[PDB]
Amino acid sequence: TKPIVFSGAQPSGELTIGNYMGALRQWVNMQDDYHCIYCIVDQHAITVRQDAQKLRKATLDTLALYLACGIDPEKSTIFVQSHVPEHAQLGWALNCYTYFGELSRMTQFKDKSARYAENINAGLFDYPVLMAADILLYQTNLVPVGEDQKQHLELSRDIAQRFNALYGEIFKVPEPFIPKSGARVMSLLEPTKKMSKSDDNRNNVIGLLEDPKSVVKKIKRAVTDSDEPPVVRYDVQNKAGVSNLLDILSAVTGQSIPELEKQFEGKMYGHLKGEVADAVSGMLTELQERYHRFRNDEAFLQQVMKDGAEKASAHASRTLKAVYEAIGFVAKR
């Protein structure tokens, strides 16, 4: 059997080129090399208050984006988190092997709490435990995520090691798979800020489903720097905007940063932005063409969700049974 890949994305907000390069691109590339399981984590999404119709639509939007990106339901397991009860079940059990301080120190909880001071809910606090459950249910070896999820992933390793030390080889210790390019795509007008899929200022984001012409305009208005002469060179500390543009270009084209730097020798931000805009616009055009073919086919989305939950349930139920046996529950009849 192949090693197992698991990762998830929230059906909230609108997935961005940041979500793509930090995660979905790796997801697509790993489907033959590993046994891949990809999840739409609707239970995580509701740690930020969602409109019920937006949440249902976004769940189906996200599924269609997975397919449009090239996640292949004949190769990977694709499912909606709430369709598999074992996620919540293991999540509760793992609460008892997670310490309050491990959770209160999470950067995501802190940032999200500051953004939503009116809804600092227990789900938002407990977010990393459910996420560890998501991973550990599937005997997961590799978790492809962006840099922002590294702290959460490290906790899932701590939890898996803690549990295994008490009970045996119940879980695999997962390892992060974080790309070299695009692991932390930054905001176009505030390049010291991670690009958010829920930004109040849409001019910060490149949405995967956004009108490509709208995206090209945002790219040309992305902030750069005052360097005289303007020079296309990677330097996050001094040239955050130009660096972020180079990172996006490198991630779409596959070209290395040194190659791009050489390509733009003697050139300035107009050439840089012109070809970030060209590359991204073409990617989004092709992606969106596949997207609508999947999104408007309810029968196909319904079948993918059904088969995926069935495949996921078979894995998850096996792990949960071993967890429940280890901690001392009377096994269900």
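Just so we're on the same page, rigid core means the largest C-alpha set that superposes within 1.5 Å between forms. Don't overthink the numbering: it's just position in the shown sequence, from 1.
K.L.:
Hey, after superposing on the core, which one moves around more in 8 other deposited structures of this protein, 71-79 or 246-254, CA-wise?
P.N.:
When 71-79 and 246-254 are compared in 8 other deposited structures of this protein, the bigger C-alpha shift is seen for 246-254.
K.L.:
Relative to the presented form, and with the rigid core used for superposition, do the C-alpha atoms of 31-39 or of 284-292 deviate more in 8 other deposited structures of this protein?
P.N.:
The more displaced stretch in 8 other deposited structures of this protein turns out to be 284-292.
K.L.:
Quick one: say whether 216-224 or 132-140 has the higher mean Cα B-factor in the deposited entry.
P.N.:
Higher mean C-alpha B-factor in the PDB entry: 216-224.
K.L.:
Report the stretch with the higher mean CA temperature factor, choosing between 185-193 and 77-85 on the basis of the entry.
P.N.:
Looking at the recorded C-alpha B-factors, 185-193 comes out higher on average.
K.L.:
Maximum C-alpha temperature factor per the entry, among 245, 232, 117, 124, belongs to which one?
P.N.:
The listed residue with the largest C-alpha B-factor is 117.
K.L.:
If you rank the chain by CA B-factor, which third does residue 170 end up in: lowest, middle or highest?
P.N.:
Middle third by C-alpha B-factor.
K.L.:
Could you place residue 279 in the lowest, middle or highest third of its chain by Cα temperature factor, using the values in the record?
P.N.:
According to the entry, residue 279 has a C-alpha B-factor in the chain's highest third.
K.L.:
Would you please rank residue 146 by its C-alpha temperature factor against the other modelled residues of its chain and give the third it falls in: lowest, middle or highest?
P.N.:
Its C-alpha B-factor belongs to the middle third of this chain's values.
K.L.:
Ranking the modelled residues of this chain by C-alpha B-factor as given in the entry, is residue 331 in the lowest, middle or highest third?
P.N.:
Its C-alpha B-factor, which the entry lists for residue 331, ranks in the highest third among residues of this chain.
K.L.:
Sorting by Cα B-factor within the chain, modelled residues only, which third would residue 61 end up in: lowest, middle or highest?
P.N.:
Lowest third - that is where residue 61 ends up once the chain's C-alpha B-factors are sorted.
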